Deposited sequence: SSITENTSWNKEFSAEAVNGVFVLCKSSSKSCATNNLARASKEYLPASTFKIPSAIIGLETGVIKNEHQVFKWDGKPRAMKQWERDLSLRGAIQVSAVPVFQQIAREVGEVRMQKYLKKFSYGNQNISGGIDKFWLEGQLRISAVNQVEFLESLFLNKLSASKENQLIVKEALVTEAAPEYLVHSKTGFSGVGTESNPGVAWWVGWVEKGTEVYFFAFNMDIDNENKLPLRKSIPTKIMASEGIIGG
């Protein structure tokens, strides 16, 4: 029962941005968004796919453990933060089609369509996922409810930490498919969750982008909205 919040539209209007922001408190049953419609629309996950991929990589053994080093050398958190294109293409290849499919089914990940090439389906393949689905997936991860060891889920959760403050911890992941065209604009993402006190907020944001100079709005807009809600005040 996701409710809409017209107030948050102001932040998009201020920048002339077409996109959506989904923010949920405590669980995926209490969400709000500036565009209930786009909230359920499915888009290429791009780099946000690094989250389920890292979990699957660990679960299948492709990634030895939390201390696994990757030659472009990068740590798991380092590889998650940068493009590190070769790293995750290699992880995907090692996992393979059959195992990848099995896990996305277990994870209920978007349309679960990995067609387009084992080492690129999330960047230029048929995979698509919505902001609402991203939140449901991140919630399962937070609760250690994904079909993977709690050990591996915890490893990825710490690898996703991007901001630390005395009162909260922000876990997040960016994503960007590429400029594209007006008849088919690219999509930029920012998803994650904030642990503030004993409370938790899950969020998913995506926006049409036709110029890379608009990329910073992908983080600024959601940060402003969450800052107002007194969640991070960044």
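Several segments of the deposited sequence have no coordinates for C-alpha: 1, 74-85, numbered from the first residue.
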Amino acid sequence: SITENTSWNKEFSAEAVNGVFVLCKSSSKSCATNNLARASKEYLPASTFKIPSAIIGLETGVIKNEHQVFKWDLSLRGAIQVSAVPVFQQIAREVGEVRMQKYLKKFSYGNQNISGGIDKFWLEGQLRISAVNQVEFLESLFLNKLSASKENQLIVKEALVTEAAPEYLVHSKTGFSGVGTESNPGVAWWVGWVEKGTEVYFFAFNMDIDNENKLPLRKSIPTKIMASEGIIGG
From here on, numbers count along this sequence of modelled residues.
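Per-stretch averaging of Cα B factors for 5-13 and 215-223 places 5-13 on top. Averaged over Cα atoms, the B-factor as recorded in the entry is higher for 78-86 than for the other of 152-160 and 78-86. In this structure the maximum Cα B-factor among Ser53, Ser26, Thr48, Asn65 is found at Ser26. Looking only at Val170, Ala188, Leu58, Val179, the residue with the top Cα B factor in the deposited structure is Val179. In this PDB entry, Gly197 carries a Cα temperature factor that places it within the highest third of its chain's modelled residues. Per the deposited record, the Cα B-factor of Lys71 falls in the highest third when ranked against the other modelled residues of its chain.
Annotation for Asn206: CA B-factor lies in the middle third of the chain's modelled residues.
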